[PDB]
Structure formats: structure tokens, C-alpha cells
Amino acid sequence: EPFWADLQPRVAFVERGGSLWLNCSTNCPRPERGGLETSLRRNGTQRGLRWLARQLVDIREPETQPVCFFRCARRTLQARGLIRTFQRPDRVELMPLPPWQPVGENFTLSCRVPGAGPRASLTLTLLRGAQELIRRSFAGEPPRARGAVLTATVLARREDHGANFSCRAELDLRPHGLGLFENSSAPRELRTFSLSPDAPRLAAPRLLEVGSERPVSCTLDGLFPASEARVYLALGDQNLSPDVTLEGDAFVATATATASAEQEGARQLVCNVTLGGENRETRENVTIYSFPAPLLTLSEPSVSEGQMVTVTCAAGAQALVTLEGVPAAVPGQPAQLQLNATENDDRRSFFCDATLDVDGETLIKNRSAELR
Ligand SMILES: *[C@@H]1O[C@H](CO)[C@@H](O[C@@H]2O[C@H](CO)[C@@H](O[C@@H]3O[C@H](CO)[C@@H](O)[C@H](O[C@H]4O[C@H](CO)[C@@H](O)[C@H](O)[C@@H]4O)[C@@H]3O)[C@H](O)[C@H]2NC(C)=O)[C@H](O)[C@H]1NC(C)=O
Ligand SMILES: *[C@@H]1O[C@H](CO)[C@@H](O[C@@H]2O[C@H](CO)[C@@H](O[C@@H]3O[C@H](CO)[C@@H](O)[C@H](O[C@H]4O[C@H](CO)[C@@H](O)[C@H](O)[C@@H]4O)[C@@H]3O)[C@H](O)[C@H]2NC(C)=O)[C@H](O)[C@H]1NC(C)=O
Ligand SMILES: *[C@@H]1O[C@H](CO)[C@@H](O[C@@H]2O[C@H](CO)[C@@H](O[C@@H]3O[C@H](CO[C@H]4O[C@H](CO)[C@@H](O)[C@H](O)[C@@H]4O)[C@@H](O)[C@H](O)[C@@H]3O)[C@H](O)[C@H]2NC(C)=O)[C@H](O)[C@H]1NC(C)=O
Ligand SMILES: *[C@@H]1O[C@H](CO)[C@@H](O[C@@H]2O[C@H](CO)[C@@H](O[C@@H]3O[C@H](CO)[C@@H](O)[C@H](O)[C@@H]3O)[C@H](O)[C@H]2NC(C)=O)[C@H](O)[C@H]1NC(C)=O
Ligand SMILES: *[C@@H]1O[C@H](CO)[C@@H](O[C@@H]2O[C@H](CO)[C@@H](O[C@@H]3O[C@H](CO)[C@@H](O)[C@H](O)[C@@H]3O)[C@H](O)[C@H]2NC(C)=O)[C@H](O)[C@H]1NC(C)=O
Ligand SMILES: *[C@@H]1O[C@H](CO)[C@@H](O)[C@H](O)[C@H]1NC(C)=O
Ligand SMILES: *[C@@H]1O[C@H](CO)[C@@H](O)[C@H](O)[C@H]1NC(C)=O
Ligand SMILES: *[C@@H]1O[C@H](CO)[C@@H](O)[C@H](O)[C@H]1NC(C)=O
Ligand SMILES: *[C@@H]1O[C@H](CO)[C@@H](O)[C@H](O)[C@H]1NC(C)=O
């Protein structure tokens, strides 16, 4: 006292990878030496009498304490400064949501903002839409501390399905006159779902014939989102493409199928739905049969009175036949009737009863032909 050594400015705040000027001086009349201790890269530089100046550029260092030294009178004169690099949130990220999140299942939300500083100036917010869920001021984290993460565990709500969630970070440079700088991570929309036991209730008649169209329905309730769930219904390889009704959490699929001409109904009826990563499938055994329509013929179909006529009917040998009350004799093949034409037999029609049993189910076909 005297002398002294001064560095200007003593405190400095700059952009990361940014630059500034430093003027370090002393009152020493004939400095025997002078210079600056720092690790930072220098672009330009200046100097003069009793004062030396440096432009330091590309500063990625969160905290650096450079020191200007002047050697005078075989003695060292040191002045230490402080350099801090602030960070704008050019990078704000948020973790992938569950592709489907079961409603009622706790899931977690993490917001990672790599390279954020100073940590003590940061207030982070995890929020659903306009409403803040969790807010964290990091003030009091060490001056050298950089980076910020916020995790919040959350219960899944049904009314919160389809909303937009985000992580908003707020940096306060207001004390330094630089002011607030805030940013928002890419908003993520959540997909949720719900299910239930009691596999789908499918209703169908168990008997089927080709060339005939019969309706079949499959339903279930307590399913959300109803609209976002897709359902499949088919007979064997053949798809029914049913009419799908959706009311609230319940659905209705109605169609009218047609038998496929092949074997079965040892085939099956498959009703399944896929929502989220889950599926509930119920199956139904059934029966498709082939029952050839019985043919009724007469020769001559129109005859004079008294002329002998013949009449026959056949089920294809696999079914039993009743011809005008007369059973097939013998059963394995068609029966017959013959007579002399009668005046009272004009406009007389005859019945042919074909009976085929499958799974105990008795099937009949009434077919008649009038005589002229
Ligand atoms: C869904 O997520 C939530 C959020 O993490 C969470 O629910 C919690 O489940 C746990 C275990 O089921 C419970 O947590 C605690 O349970 C004890 C009883 O053993 C309570 O006494 C606790 O109350 C105090 O908790 C703090 C102490 O750690 C106190 O500081 C505070 O003042 C409370 O008085 C606490 O509830 C509980 O069932 C809930 N907790 C809450 C508050 O919701 C869990 O991860 C998921 N819930 C499920 C799966 O049911
Ligand atoms: C309803 O839910 C059911 C869940 O089981 C689901 O079943 C699937 O049906 C399809 C046909 O519709 C299956 O078909 C596959 O077809 C291809 C040929 O194109 C095969 O390569 C597949 O191979 C499997 O089976 C082979 C033997 O045939 C094996 O060698 C092989 O290793 C495989 O196991 C298979 O035959 C399909 O496998 C099933 N299952 C699944 C998990 O998809 C049905 O699709 C659902 N309906 C809808 C629209 O959601
Ligand atoms: C250190 O890195 C520097 C970059 O950070 C490089 O800068 C060299 O020098 C100048 C200044 O940076 C560059 O720009 C030139 O600017 C003048 C105009 O000068 C303006 O400012 C003066 C006050 O100084 C003012 O009086 C004038 O009215 C202007 O408004 C232009 O006319 C030039 O064409 C030029 O663009 C140079 O480009 C750059 N040098 C080279 C070779 O590119 C430099 O590499 C390092 N050194 C210094 C001293 O900065
Ligand atoms: C950093 O070094 C000092 C800051 O302390 C600055 O020195 C300045 O130099 C000018 C030169 O014209 C001074 O102007 C005159 O100096 C004479 C003495 O040489 C004096 O008699 C005059 O009255 C007048 O002041 C100026 O005073 C001086 N500034 C200060 C604050 O002392 C220099 O400009 C700075 N350089 C850089 C690159 O920052
Ligand atoms: C949260 O933000 C999203 C947008 O980021 C809002 O939902 C969006 O609604 C629009 C308009 O219906 C959807 O647009 C399109 O729908 C057609 C179907 O007609 C589809 O083909 C397009 O590909 C597109 O999806 C859009 O899907 C939907 N956005 C998302 C992310 O699903 C929503 O309204 C906002 N929620 C709140 C609470 O404000
Ligand atoms: C906000 O985030 C976007 C996307 O990462 C980024 O490009 C942008 O620089 C940020 N804006 C501000 C001013 O923080
Ligand atoms: C459906 O098919 C299976 C063959 O795996 C059979 O065991 C079962 O008895 C059938 N169901 C009915 C109701 O007949
Ligand atoms: C019907 O035809 C048969 C066959 O020739 C004949 O024997 C019989 O007399 C005929 N019956 C009558 C009542 O015409
Ligand atoms: C004859 O036709 C009627 C009307 O379609 C039907 O209800 C009945 O089952 C048939 N008779 C027999 C024995 O198949």
C-alpha cells in the first residue's frame, strides 16, 4: 500500500463459447514483468504502458478465475478476476410417453435439460396442459453446478387421456439485467386405455347352410377409448366385416354371413379386439351343413286320364326320405310311387320330406309339385 494490481472487469458474464475484453493494469512505474494466467484461447490482444489487454474468445468454461500479474521491484503483484458463462435453453427435451398407459397405473415423467446453468438460477416445471403439476426452484445448488432434471410420478387418469404434457424451463438472469429466458420441451400427447375380464360375449346359431344368410353378433362393454379400439370377426379364413356400433364404453358388431361351401361348421367363429398391447379373444364352434334340395319329378308331367305315371324324390342317398307319407325303401336310396291316373287326382300335389340329422339336429325340406 502502494502498490496494487487491478483487473477489469473483476466479474464477468458471457455466452458459452463467447468472447470479451480484459484490461489489467498496475501503478508500477517500471514494470519488470507483466502478463496474464488463464487457460482460455485468445484471438486478439493489446497493450501499453503499465496496462496490458486481452480479448478472450470461445469460453466454454462454467467458472474460470484468471489472474493478471505484474512483476515490480523484484516482487509479484497479482489480481484475480472471475468469469462465468451463462446458458440459454437451446436444448430442452422430454422423455417418451408410454405408447399405451393403463389407466390407474402409475407412470413417471422425466425432463432432462443437458447443460443448463447456472443451476441456482433455474426453475423447472412439469405440467399437464395449463396446470402446473410440479415446480422446482434449484436456487441454492452450488455456483459451479450445471444441468437440470425433473422427475414426477403420476397416476393415470381417464379424463387426462389425449391431453398435452410439457416441461417448461425458466432461467432468471434478471438480477444480472439480462432477464428471464424460458423454453418449452416438445409437447407429448398421452395414450391411455382400459380393459376387463369376462371375454367377449358372442352369439350365433350353431347351424349353417350355404346359400342362406343369417345374422350374428359379438359385443362387450367397459372399453375406453372405445373409438380408438379395433375389432375383428370372421368365419374361418373368410372375414365377415361386421357393422360396428360404438356407444360410450360399449360396442356392437353385427353382420350377416354366408356359408363358404367347404366342410365345417367344425370351423370356428373368432371374435377378438386389440387395444393398446392387449387382446381378448373368444371362439365359437358351430355347424355348416350341405343339404341338397330334394328334386320332385314326374313323367309325363302332364298326362291323359288313366295313363300310368311315375314320381320320385332323392336326398343324395345320405339322408332319409318320406314320399307322400311313404318312407324310403330301402332308406339308402330314393323311394318311388306309381299309379293309374285318377280324375280326382287332378290338381293334386305331393309332399316330399327329406330328413338329415347332424349333431342330433333334425333338418327337413318340404317340396311339392302339383299335377295337371
Ligand atoms: C401411485 O403413485 C403415487 C405417488 O407416488 C403413490 O401413491 C402412494 O403409494 C404409497 C404406497 O402405496 C403410499 O405412500 C405412503 O403411504 C404411507 C402408508 O404406508 C402414508 O402414511 C404416506 O403418507 C405420508 O407420506 C409422506 C411420508 O413418506 C409424508 O411426508 C406425507 O405427509 C404423508 O402423510 C404415503 O401416503 C400411499 O399409498 C400413496 N401416497 C400418496 C400420498 O399418494 C404410488 O406410487 C402409487 N399408488 C398406488 C400404486 O396405489
Ligand atoms: C385376434 O387375436 C389373435 C391372437 O392370437 C390373432 O391371431 C393371429 O391370427 C393370424 C391369422 O389371422 C395368425 O396368422 C399368421 O399367418 C402368417 C402367414 O401369413 C404365419 O407366418 C404366422 O405364423 C405363425 O404360425 C405359424 C404356423 O402356421 C408358425 O410357423 C409361426 O411360428 C407363427 O406362430 C401365422 O400363421 C397369427 O399368428 C395369429 N397370432 C398373432 C399373435 O398374430 C388375430 O390376428 C387377432 N385379430 C386381429 C385383427 O387383431
Ligand atoms: C480476432 O478474431 C476476430 C473476430 O472475432 C477477427 O476480426 C478481424 O478484424 C475485424 C474486427 O473483428 C474483422 O471485421 C472487419 O471490420 C471492418 C469494419 O470495422 C468496424 O468496426 C470499426 C471499429 O473497430 C468501425 O470503426 C467501423 O466503422 C466498422 O463498423 C470491416 O471494414 C472489415 O472489412 C472487416 O470485416 C475482420 O474481418 C477480421 N480480420 C480478418 C482478416 O478477417 C480477427 O481474426 C482477430 N483479430 C482482431 C483484431 O479482431
Ligand atoms: C486499459 O488501460 C487503461 C484503463 O485503466 C486505459 O488507459 C487510458 O489511456 C488513455 C491514453 O490516452 C488515457 O488518456 C490520457 O492519459 C494521460 C496519461 O497518459 C492523462 O494525462 C490524460 O489526462 C488522459 O487521461 C486514459 O486516462 C486512460 N484511461 C484510464 C481509465 O486511466 C486504456 O484505455 C485501457 N485499454 C483498453 C484496451 O481497455
Ligand atoms: C392437444 O394438442 C393436440 C394437437 O397437438 C390437439 O388434438 C389434435 O386434434 C386435431 C384435430 O382434430 C387432430 O388432427 C388430425 O385428425 C385427423 C382425423 O380427422 C387425422 O387424420 C390427422 O392425422 C390429425 O390427427 C390431431 O390428431 C390431434 N393431435 C394429436 C396430437 O392427437 C388437442 O386438442 C390438444 N388438447 C387440448 C387439451 O387442447
Ligand atoms: C427452445 O427450444 C428449441 C428447440 O430445441 C430451441 O431450438 C430454441 O433455441 C429454444 N428457444 C429459446 C429461445 O430458448
Ligand atoms: C370346439 O373345438 C374343440 C377342438 O379343440 C373341441 O374340443 C370342443 O369340444 C369344441 N367346443 C364345442 C362347444 O363343441
Ligand atoms: C291300371 O293299370 C294296370 C297296369 O296295366 C292295370 O292292370 C289295371 O287294370 C289298371 N287299373 C285301372 C283301375 O284302370
Ligand atoms: C314347409 O314350409 C314351411 C313354411 O316355410 C316351413 O315352416 C316348414 O318347416 C316346412 N315343412 C317342413 C316339414 O319342412
# chains A, B, ... in the order shown; residues from 1 in each chain; ligands from 1
call {"tool": "residues_around", "arguments": {"residues": "stretch 282-296 of chain A", "least_positions_apart": "6", "cutoff": "9 Å", "atoms": "only C-alpha atoms", "output": "PyMOL selection string"}}
result
chain A and resi 199-210+259-272+311-316+319+350-354+356+358-359+363+365-369
call {"tool": "residues_near_ligand", "arguments": {"ligand": "ligand 5", "cutoff": "9 Å", "atoms": "only C-alpha atoms and all ligand atoms", "output": "ChimeraX atom specification"}}
result
/A:128-130,160,162-165,187-190
call {"tool": "write_last_selection", "arguments": {"atoms": "C-alpha atoms", "output": "PDB file, in the first residue's frame"}}
result
ATOM      1  CA  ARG A 128     -50.316 -31.008 -17.743  1.00  0.00           C
ATOM      2  CA  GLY A 129     -51.763 -28.508 -20.202  1.00  0.00           C
ATOM      3  CA  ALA A 130     -52.193 -25.148 -18.490  1.00  0.00           C
ATOM      4  CA  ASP A 160     -56.277 -36.932 -18.855  1.00  0.00           C
ATOM      5  CA  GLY A 162     -55.410 -37.152 -25.046  1.00  0.00           C
ATOM      6  CA  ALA A 163     -54.086 -34.079 -23.249  1.00  0.00           C
ATOM      7  CA  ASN A 164     -50.784 -32.338 -23.990  1.00  0.00           C
ATOM      8  CA  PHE A 165     -47.966 -32.504 -21.431  1.00  0.00           C
ATOM      9  CA  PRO A 187     -45.359 -31.345 -26.051  1.00  0.00           C
ATOM     10  CA  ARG A 188     -46.247 -35.034 -25.789  1.00  0.00           C
ATOM     11  CA  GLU A 189     -49.777 -36.422 -26.080  1.00  0.00           C
ATOM     12  CA  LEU A 190     -50.601 -39.359 -23.803  1.00  0.00           C
TER      13      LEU A 190
END
call {"tool": "closest_atom_pairs", "arguments": {"of": "chain A", "to": "ligand 3", "cutoff": "10 Å", "atoms": "only C-alpha atoms and all ligand atoms", "output": "Markdown table"}}
result
| residue | atom | partner | partner_atom_place_in_ligand_line | distance |
| --- | --- | --- | --- | --- |
| A:18 | CA | ligand 3 | 5 (O) | 9.7 |
| A:19 | CA | ligand 3 | 5 (O) | 8.0 |
| A:20 | CA | ligand 3 | 5 (O) | 9.6 |
| A:42 | CA | ligand 3 | 1 (C) | 8.0 |
| A:43 | CA | ligand 3 | 1 (C) | 4.3 |
| A:44 | CA | ligand 3 | 47 (N) | 4.5 |
| A:45 | CA | ligand 3 | 49 (C) | 7.3 |
| A:46 | CA | ligand 3 | 49 (C) | 9.0 |
| A:55 | CA | ligand 3 | 1 (C) | 8.0 |
| A:56 | CA | ligand 3 | 1 (C) | 9.3 |
| A:57 | CA | ligand 3 | 5 (O) | 7.5 |
| A:58 | CA | ligand 3 | 5 (O) | 9.6 |
call {"tool": "closest_atom_pairs", "arguments": {"of": "chain A", "to": "ligand 4", "cutoff": "6 Å", "atoms": "only C-alpha atoms and all ligand atoms", "output": "JSON lines"}}
result
{"residue": "A:23", "atom": "CA", "partner": "ligand 4", "partner_atom_place_in_ligand_line": "39 (O)", "distance": 4.8}
{"residue": "A:51", "atom": "CA", "partner": "ligand 4", "partner_atom_place_in_ligand_line": "2 (O)", "distance": 5.1}
{"residue": "A:53", "atom": "CA", "partner": "ligand 4", "partner_atom_place_in_ligand_line": "38 (C)", "distance": 5.5}
call {"tool": "residues_near_ligand", "arguments": {"ligand": "ligand 2", "cutoff": "10 Å", "atoms": "only C-alpha atoms and all ligand atoms", "output": "PyMOL selection string"}}
result
chain A and resi 230-234+236-237+239+270-275+278-282
call {"tool": "write_last_selection", "arguments": {"atoms": "N, CA, C and O atoms", "output": "CSV table (one decimal), in the first residue's frame"}}
result
chain,number,residue,atom,x,y,z
A,230,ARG,N,-59.9,-51.4,-32.2
A,230,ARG,CA,-60.4,-52.1,-33.5
A,230,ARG,C,-60.7,-53.5,-33.2
A,230,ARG,O,-60.0,-54.2,-32.4
A,231,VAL,N,-61.7,-54.0,-33.9
A,231,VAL,CA,-62.2,-55.4,-33.7
A,231,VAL,C,-62.3,-56.2,-35.0
A,231,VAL,O,-62.5,-55.7,-36.0
A,232,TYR,N,-62.1,-57.6,-34.8
A,232,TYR,CA,-62.1,-58.5,-35.9
A,232,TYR,C,-63.1,-59.6,-35.7
A,232,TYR,O,-63.2,-60.2,-34.6
A,233,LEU,N,-63.9,-59.9,-36.7
A,233,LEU,CA,-64.8,-61.1,-36.6
A,233,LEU,C,-64.9,-61.8,-38.0
A,233,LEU,O,-65.1,-61.2,-39.0
A,234,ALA,N,-64.7,-63.1,-37.9
A,234,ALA,CA,-64.6,-63.9,-39.2
A,234,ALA,C,-65.1,-65.3,-39.0
A,234,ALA,O,-65.1,-65.9,-38.0
A,236,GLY,N,-63.9,-68.8,-40.2
A,236,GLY,CA,-62.7,-69.4,-40.8
A,236,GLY,C,-61.7,-68.4,-41.3
A,236,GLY,O,-61.4,-67.4,-40.7
A,237,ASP,N,-61.3,-68.6,-42.6
A,237,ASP,CA,-60.4,-67.6,-43.3
A,237,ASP,C,-61.3,-66.5,-43.8
A,237,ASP,O,-60.7,-65.4,-44.2
A,239,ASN,N,-63.6,-63.3,-43.8
A,239,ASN,CA,-63.9,-62.2,-42.9
A,239,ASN,C,-65.3,-61.7,-43.1
A,239,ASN,O,-65.7,-61.5,-44.3
A,270,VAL,N,-64.4,-66.5,-34.6
A,270,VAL,CA,-63.4,-65.8,-33.8
A,270,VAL,C,-63.7,-64.3,-33.6
A,270,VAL,O,-63.8,-63.6,-34.6
A,271,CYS,N,-63.9,-63.9,-32.4
A,271,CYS,CA,-64.2,-62.5,-32.1
A,271,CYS,C,-63.1,-62.0,-31.1
A,271,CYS,O,-63.0,-62.4,-30.0
A,272,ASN,N,-62.2,-61.1,-31.6
A,272,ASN,CA,-61.2,-60.5,-30.8
A,272,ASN,C,-61.0,-59.0,-31.1
A,272,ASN,O,-61.3,-58.5,-32.2
A,273,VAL,N,-60.4,-58.4,-30.1
A,273,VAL,CA,-60.2,-56.9,-30.1
A,273,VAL,C,-58.8,-56.6,-29.7
A,273,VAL,O,-58.3,-57.3,-28.8
A,274,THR,N,-58.1,-55.6,-30.3
A,274,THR,CA,-56.8,-55.2,-29.9
A,274,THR,C,-56.8,-53.7,-29.5
A,274,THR,O,-57.1,-52.9,-30.4
A,275,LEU,N,-56.6,-53.4,-28.2
A,275,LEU,CA,-56.5,-52.1,-27.8
A,275,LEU,C,-55.2,-52.0,-26.9
A,275,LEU,O,-55.0,-52.8,-26.0
A,278,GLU,N,-52.9,-55.1,-25.7
A,278,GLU,CA,-53.7,-56.2,-25.2
A,278,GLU,C,-54.8,-56.7,-26.1
A,278,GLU,O,-55.3,-55.9,-26.9
A,279,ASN,N,-55.2,-58.0,-25.9
A,279,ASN,CA,-56.3,-58.6,-26.7
A,279,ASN,C,-57.1,-59.6,-26.0
A,279,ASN,O,-56.5,-60.5,-25.3
A,280,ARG,N,-58.4,-59.6,-26.2
A,280,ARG,CA,-59.3,-60.6,-25.6
A,280,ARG,C,-60.0,-61.3,-26.7
A,280,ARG,O,-60.7,-60.7,-27.5
A,281,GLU,N,-59.8,-62.7,-26.8
A,281,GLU,CA,-60.4,-63.4,-27.9
A,281,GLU,C,-61.3,-64.6,-27.4
A,281,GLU,O,-60.8,-65.4,-26.6
A,282,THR,N,-62.5,-64.6,-27.9
A,282,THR,CA,-63.4,-65.7,-27.7
A,282,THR,C,-63.7,-66.5,-29.0
A,282,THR,O,-63.8,-65.8,-30.0
call {"tool": "residues_near_ligand", "arguments": {"ligand": "ligand 1", "cutoff": "10 Å", "atoms": "only C-alpha atoms and all ligand atoms", "output": "ChimeraX atom specification"}}
result
/A:104-108,152-156
call {"tool": "atom_distance", "arguments": {"atom1": "atom CA of residue A:147", "atom2": "atom CA of residue A:125"}}
result
14.4 Å
call {"tool": "residues_around", "arguments": {"residues": "residue A:340", "least_positions_apart": "2", "cutoff": "8 Å", "atoms": "only C-alpha atoms", "output": "list in words"}}
result
residues 305, 306, 307, 308, 309, 338 and 342 of chain A
call {"tool": "closest_atom_pairs", "arguments": {"of": "chain A", "to": "ligand 6", "cutoff": "8 Å", "atoms": "only C-alpha atoms and all ligand atoms", "output": "CSV"}}
result
residue,atom,partner,partner_atom_place_in_ligand_line,distance
A:88,CA,ligand 6,14 (O),5.9
A:89,CA,ligand 6,14 (O),4.5
A:90,CA,ligand 6,9 (O),3.7
A:91,CA,ligand 6,5 (O),4.4
A:92,CA,ligand 6,5 (O),5.3
A:93,CA,ligand 6,5 (O),7.3
A:181,CA,ligand 6,14 (O),6.5
A:182,CA,ligand 6,14 (O),5.7
A:183,CA,ligand 6,14 (O),4.5
A:184,CA,ligand 6,1 (C),6.1
A:185,CA,ligand 6,2 (O),6.5
A:186,CA,ligand 6,4 (C),7.5
call {"tool": "closest_residue", "arguments": {"among": "A:176, A:80, A:41, A:74", "to": "residue A:5", "atoms": "only C-alpha atoms"}}
result
A:80
call {"tool": "atom_distance", "arguments": {"atom1": "atom CA of residue A:371", "atom2": "atom 1 (C, counted along the ligand's line) of ligand 8"}}
result
18.0 Å
call {"tool": "closest_residue", "arguments": {"among": "A:65, A:258, A:27, A:121", "to": "residue A:77", "atoms": "only C-alpha atoms"}}
result
A:27
call {"tool": "select_by_dssp", "arguments": {"residues": "stretch 2-45 of chain A", "states": "strand (DSSP E or B)", "output": "PyMOL selection string"}}
result
chain A and resi 5-8+11-15+18-26+33-37+42-45
